[PDB]
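The primary structure of each chain is shown beneath.
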Number of protein chains: 2
Amino acid sequence: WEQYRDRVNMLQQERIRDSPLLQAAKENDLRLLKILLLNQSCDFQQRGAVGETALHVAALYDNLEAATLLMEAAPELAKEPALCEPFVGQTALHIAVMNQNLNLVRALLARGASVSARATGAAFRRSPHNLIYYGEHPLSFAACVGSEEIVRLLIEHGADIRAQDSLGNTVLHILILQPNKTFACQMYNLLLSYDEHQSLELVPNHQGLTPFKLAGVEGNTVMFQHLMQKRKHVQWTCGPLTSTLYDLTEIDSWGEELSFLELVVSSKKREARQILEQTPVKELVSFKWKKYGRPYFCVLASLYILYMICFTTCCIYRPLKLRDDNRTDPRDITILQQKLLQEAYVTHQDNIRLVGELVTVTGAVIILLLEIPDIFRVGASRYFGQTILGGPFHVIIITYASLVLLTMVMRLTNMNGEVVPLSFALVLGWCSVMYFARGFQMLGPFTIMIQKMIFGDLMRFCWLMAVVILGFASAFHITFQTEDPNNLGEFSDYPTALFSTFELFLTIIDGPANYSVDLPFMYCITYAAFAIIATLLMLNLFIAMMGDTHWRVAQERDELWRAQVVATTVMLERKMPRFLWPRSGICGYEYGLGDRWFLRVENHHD
Amino acid sequence: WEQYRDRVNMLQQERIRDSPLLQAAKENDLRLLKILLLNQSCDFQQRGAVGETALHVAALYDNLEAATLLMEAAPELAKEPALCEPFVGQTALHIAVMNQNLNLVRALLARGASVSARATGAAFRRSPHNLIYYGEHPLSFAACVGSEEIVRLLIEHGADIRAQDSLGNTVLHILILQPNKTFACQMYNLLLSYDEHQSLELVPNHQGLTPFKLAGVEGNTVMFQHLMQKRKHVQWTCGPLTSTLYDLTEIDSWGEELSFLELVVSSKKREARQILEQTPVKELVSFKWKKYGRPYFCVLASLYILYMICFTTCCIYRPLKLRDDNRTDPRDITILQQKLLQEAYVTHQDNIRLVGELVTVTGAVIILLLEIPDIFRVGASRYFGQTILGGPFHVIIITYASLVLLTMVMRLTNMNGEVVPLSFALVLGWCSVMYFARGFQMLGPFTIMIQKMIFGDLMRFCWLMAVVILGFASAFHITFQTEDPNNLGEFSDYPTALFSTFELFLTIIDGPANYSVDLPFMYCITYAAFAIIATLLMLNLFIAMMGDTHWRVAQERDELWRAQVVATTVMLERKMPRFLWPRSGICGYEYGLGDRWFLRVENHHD
């Protein structure tokens, strides 16, 4: 990890400090260099802790004249890379390119340094431990460091551009995998200017992503619009408004299994949703949502509401009979019990319940047929953790389907206790109707606001709350176990004391007071303390901290609902059949444009 | 719609691409133009998909020399417009004017192009599908695009300014129907500078609106104050304060049926209320509200409060008698029932109730006589949807009058059940007293703030709330239908379970707890879940989201109450008689100013 890298760095600094030739290369001592290179017994192949040569130290500290004296002493040090674990293929050319001095790169290419040297060390891998990802080839280093003359010299001296490093990235991918600066689009245009004699824009990496798809995934927009200038054609500019034509070949992705918009909306990066407001993409998903997405989403919302009404109606008319066993017991109220399966289906109302229960089971199966495959098609942590694709609603729909299948199992085999899976399933499936609230502007941001407070402030409230419930429940059970439970039974034993002080933490039930008896005085004292520190502060500070959170994350939920309606549109196609979803855009084969689909917009500027 | 316009645009691009003369006119190929126009067999009358000539393509891509070679080949193409549906009357002069090149307009007016060419196509209509509304005549195009030399050349070569297009708009209306730029007032002054030989400022469009009234409706203020510089006269400027005199002929609109201020306050545009703060209008409506509006509004508020007190007093002393039928039933409490009409009016207190009920019916009739006509005079969606004119208060006053007329019907005919219209009417008519709260500064913005939360955050809360009521009501009825209903009857059957968990969603009633019996444990578990996710988050997140909404829309309600007091002042005149409302302003006939009414203000500058 980082301590190993620190140990490697102090070891290589110690190895440069110990060796006099490496010390003279580091400190640019010219007279000591003439003494050392004049002596023929000096080892020209001295290596550091990482196997670095003297040119690596001479280029690391940007010593031009020490490096040129080293090539005069030993040209064959130019071919030699490093040989240890954090720097497996690092040459002096990588360091000379990365330090941005042109004359040293001219010095190494004058003596024939390797231009296709794949620096496959662990320091150059795309890792969170490494600060930057500059690729492995010196062409990728020169493209990422932002020197046009160095990359022009490298292409003039070789540097085959179609070179894939570890993770399969070419130089356009690694230029996209950068913090956005001024010269990144200029370097992209310069590297595609040298593409002239399957192009550079169509080769994928090891994830199967084109540079257009990688720019869609990683969330950069200034590279995305620079890419889309080259894929657009301005039709006319009559007056203030102009009509222009965008190509949706690499945006819609009709024929491919993995599409561009699905890679955008199912991304861990926050900025990828900012691609959904870009100048082809916003009106493409707006057309796809207003004509096709919202009516089909309303149809499936109405069908899910009717199915939930059917399951509720089958729940309420449950087969119950009189209790054959006698009670003969105070504190025991049970007058009805579950029917066995033999007399559960004997009447016409029981037959209506049977066909409704078969409808409920058929609905559970058709839930499980179209939702179990994309547990496995996309990642399961990606499927459940994303609030854009509807993760928590997916896991409670899966839980509801499993619970009603367990209800089927406990109905087919005579097992008492159908109350508890019907209770969990009938809470969860009805609370899963809020998944269909994302298709409406008034209901969507409120629903993801409720999700952001379930996964946010309510967890940190309920931890300290449950601390307060445990302490005051225990104190209330101490103060009331010397007491008659028939006069005040809120704290009769410890589970109902826990549940009771959880009940009056929120002030749902009243304070326990009986004025016909004499309560203990320290019930009054620790209940006054419970009134002060628990239901006066915490129940009001929860409202305050929600009000403080709401204005901060209101812009985030307002920009995330418009990202999750795109995920709803992307989900709705490829699952509904293709005859219900015609291909979006204008077909260019009818107008002789060469089998491409286009989208046309008017924009009114000035 | 937009797909038809896209199909038309790709069709005309295909037609320009296929035809070689149109292709050479588009790409300015001069040598191919000399080849084509040198050949006499080439069709000079070639038309595109929209019937566009070669001059339309030559002016669309701003090709001057291609256009002049086309007039050298064919002058008669200058007279020819288009002939299809989206461009019915578009000539090359409209495109040449809209592209803002003067020499091409000089070229077409050198060969005698039609200056009064009415471009009556669907692309030039004022529609939400079209991005801009530049009118139909080339004079309107030159006025809206902002070229003084082009509109001067058009007036020098004809261009009768009193020309009305579809919707009846002249060039001043279409200049007003613009986003506000710098040169709009300059173009207005230039076009009224050419009005010298019923003027341009007095001609109406097809809605009956003058350009002053259209500027009042559409919400532009920089055009409005530029209009009011020409209708004002500065009396004196002694010292820092100056006294000036504004003319209220076109502002007050005494003689006309539709007035200016009513068109301002009953407008769909948001910016029209910003005309109510302008330098004649604010002090005009302030004088009209402070001297006449507020005392008459307080008189009608006191009369409505006394009428509501009379209806309440007639409600409370309702004729009730002892029940002739015996109860003989547990769970049935009814000891009084409605009297029949024969013994309802027999005593002196019944006679006082009879004259009070006649006062109530007379009040309902005089509500319906002055409120049913302006359901139809203005639009009904305009009357009910506007929060400025008092829409929801109008619909609940109409509902209260209909319900008390239904009470009169169900009293005159012996029909049991006067409870249902008296309950709805006595809620609604008392809640309609807040319509008179708009006349006070302390109560007005609060009243429209309550309206903004009725139509705002409470709908989106109550949808997901009713989802929670349905799910937890159904789960509570599962957990308590195996139970004795005499021990805990909140969830005895499904309607009272729905009403009960709606009652303790809000924590009005206590939690159902009986410590002398053993409640089910899954009642405790799903009630702990109902305590966590429904009355701890939602009832606190609702206060949080009102606190987030309030500071955002506080400026909007503060600027909208001062717009709705103007609508109250406009409503109060024309309904109260003319002897109670003298004409506002200073009469110029007494001082010999020529039968106009004026308003005088001092303003203190520097």
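Q: Got a minute to help me understand the relation of the copies chain B and chain A in this structure?
A: Copies of the same chain, two in number, are related to each other by a rotation about an axis and a translation along it. Mapping chain B onto chain A calls for a rotation angle of 90° and an axial translation of 0.0 Å; the resulting RMSD is 0.1 Å. The relationship between the two copies is best expressed as a four-fold rotation axis. The overlap is low: 8% of the interface residues of chain B also sit at the interface in chain A, so different surfaces are used on the two sides.

Q: Help me understand empty space enclosed by the protein, please; the structure alone is not making it clear to me.
A: Any empty space left between the atoms is revealed when a probe the size of a water molecule rolls over them. Residue and element names in this part refer to chain B. Taken as a whole, the largest cavity spans an internal volume of roughly 190 Å³. Around the largest cavity, the lining is made up of 18 residues, and of these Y383, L389, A567, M571 and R574 lie nearest the centre. No other element matches the five residues that helix α26 (residues 538–572) contributes to the lining of the largest cavity. Residues belonging to the lining of the largest cavity are distributed by class as follows: nine nonpolar, four polar and five charged. Counting only domains with at least three residues in the lining of the largest cavity, you end up with domain 1 (1–278 + 584–606) and domain 2 (279–583).

Q: I would appreciate a short explanation of the UniProt feature "transmembrane region" in chain A in the present structure.
A: All names here are of chain A. Following the UniProt record, the feature "transmembrane region" maps to residues 296–316, 354–376, 388–410, 417–437, 461–481 and 525–545 here. The annotated region residues 296–316 carries 100% helix and 0% strand content, and the separation between its end C-alpha atoms amounts to 30 Å. Counting secondary structure, residues 461–481 comes out at 90% helix and 0% strand; the distance between its end C-alpha atoms is 30 Å.

Q: Could you clarify how one ought to interpret helix α23 (residues 457–479) of chain A in this entry?
A: Helical geometry: 3.6 residues make up each α-helical turn, so side chains three or four residues apart lie on a common side. With 23 residues, α23(A) ought to run about 33 Å at 1.5 Å a step, and its terminal C-alpha atoms sit 33 Å apart, in line with that. Those residues of α23(A) lying buried are A:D457, A:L458, A:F461, A:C462, A:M465, A:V468, A:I469, A:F472, A:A473, A:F476, A:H477 and A:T479. Elements that come into contact with the buried residues of α23(A) comprise α22 (444–454), α24 (494–503), α25 (521–533) and α26 (538–572) of chain A together with α25 (521–533) of chain B.

Q: What is the right way to read the domain arrangement of chain A from this model?
A: Note on interface size: it is often stated as the accessible area lost on association of the parts. All names here are of chain A. Per the domain assignment, the segments of chain A are domain 1 (1–278 + 584–606) and domain 2 (279–583). Computed from C-alpha coordinates alone, the two centres of domain 1 and domain 2 are separated by 51 Å. Residue-level contacts link 26 residues of domain 1 with 26 residues of domain 2. Taking both sides of the interface into account, the surface hidden between domain 1 and domain 2 amounts to around 2700 Å²; carbon and sulfur atoms contribute 60%. Looking at the side of domain 1 facing domain 2, the largest losses of area belong to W254, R273 and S584, adding up to 24% of the total buried there.

Q: What is the right way to look at the packing of aromatic side chains in this model?
A: Pairs of aromatic rings are described using the distance from one ring centre to the other and the angle between the two planes. For the coordinates displayed, the defined rule picks out 66 aromatic pairs over all chains. Taking the centre distance of 5.6 Å and the plane angle of 65° together, the rings of A:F311 and A:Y400 count as edge-to-face. In this pair, A:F311 sits in helix α16 (residues 281–316) while A:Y400 sits in helix α20 (residues 391–412), placing the two residues 89 residues apart along the sequence. For A:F311, a relative accessible area of 3% translates into the label buried. For the pair B:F87 and B:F124, a centre-to-centre distance of 5.8 Å together with 65° between the ring planes defines the contact as edge-to-face. Of this pair, B:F87 sits in the loop between α5 (64–73) and α6 (92–98) while B:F124 sits in the loop between α7 (102–110) and α8 (138–145); the two residues are 37 residues apart in sequence, bridging distant segments of the chain. Of the two residues, B:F87 and B:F124, neither departs from the other in class, the shared state being buried. Chaining the aromatic ring pairs together yields one cluster made of A:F446, A:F499, B:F461, B:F472, B:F476, B:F480, B:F491, B:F505, B:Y523, B:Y527, B:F530 and B:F542. The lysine or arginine in question, A:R583, covers the ring of A:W254, its NZ or CZ lying 4.0 Å from the ring centre.

Q: Help me out: how do you make sense of the pairing of strand β2 (residues 241–247) of chain A in this one?
A: Within a regular beta strand, the side chains point alternately toward one face of the sheet and then the other, so they alternate between its two faces. Residues and elements named next belong to chain A. When you tally the buried positions in β2, you get seven out of seven residues, the bulk of the element. A two-sided burial pattern is seen for β2, the buried positions comprising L241, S243, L245 and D247 on one face and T242, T244 and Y246 on the other. For strand β1 (residues 232–236) and β2, the ladder comprises four bridges, and the chain directions are antiparallel. Bridge pairing in β2 places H233 opposite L245. In this antiparallel pair of consecutive strands, β1 and β2, the connection spans four residues, and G239 shows a positive phi of 80°.

Q: What exactly am I supposed to notice about the nonpolar core here?
A: The nonpolar side chains of a soluble globular protein tend to be buried, and buried together. Ranked by size, the top nonpolar core spans 112 residues in total, and within it B:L191 and B:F260 carry the most contacts. Look past the residues within four positions of B:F260 in its chain and what remains in contact with it is B:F212, B:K213, B:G216, B:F224, B:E250, B:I251, B:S253, B:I275 and B:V281. Of all hydrophobic cores here, the second largest spans 105 residues; its members include A:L69, A:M187, A:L248 and A:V281.

Q: How do you make sense of the sheet that holds strand β6 (residues 597–604) of chain B when you look at a structure like this?
A: Paired through their backbone hydrogen bonds, the strands of a sheet run either parallel or antiparallel. With antiparallel pairing, the four strands of this open sheet are ordered in space as β1-β2-β6-β5 (chain B). On the outer flanks of this sheet lie β1 (232–236) and β5 (586–587) of chain B, each paired with one strand and no other.

Q: When you look at the UniProt feature "binding site: Ca(2+)" in chain A in this model, what are you seeing that I'm missing?
A: The positions that UniProt labels "binding site: Ca(2+)" are, in the present scheme, A:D510. With respect to the element layout, A:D510 can be found in the loop between α24 and α25. A:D510 gets classed as partly exposed once you look at its relative accessible area, which sits at 47%. With residues near it in sequence (within four places) discarded, A:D510 still touches A:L504 and B:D510.

Q: Hey, could you run me through the interface of chain B and chain A in this one?
A: Each partner contributes to the interface: chain B provides 73 residues, whereas chain A provides 72 residues. Between chain B and chain A, roughly 6700 Å² of surface is buried when both sides are summed, and carbon and sulfur atoms account for 70% of that area. The interface formed by chain B and chain A includes three salt bridges. With a closest N to O distance of 2.6 Å, B:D518 and A:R331 form a salt bridge. At the surface where chain B touches chain A, the tally comes to twelve residue pairs in polar contact. The set of elements that each furnish at least two residues to the side of chain B that touches chain A consists of α1 (2–18), α6, α23 (457–479), α25 and α26 of chain B. With 15 residues, the single largest contributor to the side of chain B that touches chain A is α23(B). In terms of residue class, the side of chain B that touches chain A is built from 43 nonpolar, 18 polar and twelve charged.

How each quantity is defined
- Each chain carries its own residue count, running from 1 in the order of its written sequence; this scheme can depart from the entry numbering, and residues that have no coordinates do not appear.
- Chain labels run from A onward and ligand labels from 1 onward, assigned in the order the entries are written.
- Keep in mind that this is only part of a larger assembly, and the values describe that part, not the whole.
- The basis for every side-chain value is the complete set of heavy atoms in the structure, and neither hydrogens nor water enter the calculation.
- The fit that places the copies together is a least-squares one on their C-alpha atoms.
- Note on definitions: a residue-residue contact is assigned when non-hydrogen atoms from the two residues lie within 4.5 Å.
- Only protein atoms enter the calculation, which uses a 1 Å grid: trapped sets of points that fit a 1.4 Å probe without letting it out are cavities, open sets showing protein on both sides within 12 Å along at least five of seven lines are pockets, and any residue with an atom within 4 Å of a point is a lining residue.
- Grid points are joined across faces, edges and corners, and a volume is the space filled by probe spheres set on the points.
- Strands are runs of DSSP state E lasting at least 2 residues, helices are runs of H or I lasting at least 4, and numbering of each runs from the N terminus.
- Amino acid classes used here: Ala, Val, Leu, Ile, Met, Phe, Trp, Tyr, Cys and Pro are nonpolar; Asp, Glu, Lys and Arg are charged; the rest, including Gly, are polar.
- Throughout the structure description, domain borders are defined by an automatic or database domain assignment.
- UniProt positions are given in the numbering used here, feature names are shortened, and annotations may be inferred rather than shown by experiment.
- A helix is expected to span 1.5 Å multiplied by its residue count minus one.
- Buried, partly exposed and exposed residues are distinguished by accessible area as a fraction of the type maximum, computed with a 1.4 Å probe on protein chains only: under 20%, between the cut-offs, and over 50%, respectively.
- In short, buried area is how much 1.4 Å probe accessible area vanishes from two parts on joining, totalled over both.
- Each pair of aromatic rings taken from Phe, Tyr and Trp, with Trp reduced to its six-membered ring, is defined by centres within 6.5 Å and is described as stacked if the planes are under 30 degrees apart, edge-to-face if over 60, and tilted in the remaining cases.
- To sit over a ring, a charge needs its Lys NZ or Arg CZ within 6 Å of the ring centre and within 35 degrees of the ring normal.
- At least two bridges found by DSSP between two strands are what make those strands a pair.
- Here, the term nonpolar core denotes a set of buried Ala, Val, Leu, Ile, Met, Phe, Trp, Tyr and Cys residues that are joined through side-chain atoms within 4.5 Å.
- Salt bridge, as used here, is a side-chain nitrogen of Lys or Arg placed within 4 Å of a carboxyl oxygen of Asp or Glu.
- In protein, a polar contact requires one atom able to donate a hydrogen and another able to accept it; more generally it is a pair of N or O atoms within 3.5 Å, and residues adjacent in sequence count only if both atoms are side-chain atoms.

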